[PDB]
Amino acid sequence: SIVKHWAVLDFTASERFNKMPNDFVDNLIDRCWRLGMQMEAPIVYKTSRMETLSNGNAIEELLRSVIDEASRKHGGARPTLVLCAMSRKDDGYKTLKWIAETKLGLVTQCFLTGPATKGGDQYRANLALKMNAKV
């Protein structure tokens, strides 16, 4: 019933423009809670540059370091959902999803910080609905 182990990959941290705000995850968790979906805090928050999505081997390592960090910081827990925040569309996500879901036994969900912030209530509602359906 509860999403105990999940992670955030923030590709927007260095962006400066369209950086995911610091209250966005906690707001999002409140939003899922309102739908009947209880999530704990993500056991891993990791930032990366958008450029990373251009390199498949770097994607694979990024995901594997999320898994390793969760294991070290939370007694061996393994994330299931990995929420990915991006500042613009990037077809690299397609590679990331494949590695994540078919190689690593993860479930991923991507979103754009632009549409999600400032005038984004309906975008955020749709995000919470997709997350709820996935996990």
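Don't overthink the numbering: it's just position in the shown sequence, from 1.
(message) Which is higher on mean Cα B factor in this entry, 110 to 118 or 21 to 29?
(response) 110 to 118 has the higher mean C-alpha B-factor.
(message) Using only the C-alpha B-factors in the record, can you name which of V44, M50, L63, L35 has the highest?
(response) That would be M50, according to the entry.
(request) Compare the C-alpha B factor of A70 with those of the other modelled residues in its chain, then answer lowest, middle or highest third. (result) Answer is middle: the recorded C-alpha B-factor places it there.
(message) Sorting by Cα B-factor within the chain, modelled residues only, which third would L96 end up in: lowest, middle or highest?
(response) Middle third.
(request) Please rank the C-alpha B-factors of the chain's modelled residues and tell me whether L129 sits in the lowest, middle or highest third. (result) Tercile = middle for this residue's CA B-factor.
(message) Based on the deposited C-alpha B factors for this chain, I'd like to know if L83 is in the lowest, middle or highest third.
(response) As the PDB entry reports it, the C-alpha B-factor of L83 lands in the lowest third of its chain.
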